[PDB]
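First, one chain by itself in structure tokens, the form deposited in one PDB entry.
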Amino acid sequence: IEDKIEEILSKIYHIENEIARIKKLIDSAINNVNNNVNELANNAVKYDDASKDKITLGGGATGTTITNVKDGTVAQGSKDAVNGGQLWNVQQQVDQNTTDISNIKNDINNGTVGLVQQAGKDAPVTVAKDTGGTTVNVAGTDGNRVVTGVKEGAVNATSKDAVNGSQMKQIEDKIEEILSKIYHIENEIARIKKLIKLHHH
């Protein structure tokens, strides 16, 4: 019976040791799971709330980049996120459209496109050169039109210049000058009549 009691104290002795062992083991198991759960929680991306209708990214003022996004189907009503390489595809066409539009306007203003054209501000204004046809027609719905601002053109045998009202007035003058001379001539004729009548010898 000395041996029964002795046995018991040994058992207790070992139990005490085991309890201390377990204590440290539990302390460190628990602290492990915590650190891991904690870091996951500190790196995981999260829905704002239970509805999951919004994710407000966690980078702060400068915000957060999302990279390695596969190109999203670009179709009517697609719910896929689009990347910068897809936005760039569009930015190229738009920038082209912007250019083609500027190039048109700075081509109409400086008159290098259209039927009526002029290469430089001091240049011959040309009307439908590259095309053919025999006729230019200036009439409109109010009727025919006067063509003004017309500087007089060369008057020779090969001239294609158009002529103006001053050049017409000049002609008109000659005519009246000549009708006058002719009238004088007729007078001069009447006189020769009377002289052949009235003379004697």
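Heads up: residue numbers just count along the shown sequence, starting at 1. Superpose the two forms; the largest set of C-alphas matching within 1.5 Å is the rigid core.
Note that the form deposited in another entry isn't included here; everything after this is about it.
- Residue displacement note: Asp53 has its CA displaced by under 2 Å between the shown form and the other one (rigid core superposed).
- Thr158: CA moves 2 Å or more between the shown form and the other one after rigid-core fitting.
- Relative to the superposed rigid core, the position of the CA of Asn43 differs between the shown form and the other one by less than 2 Å.
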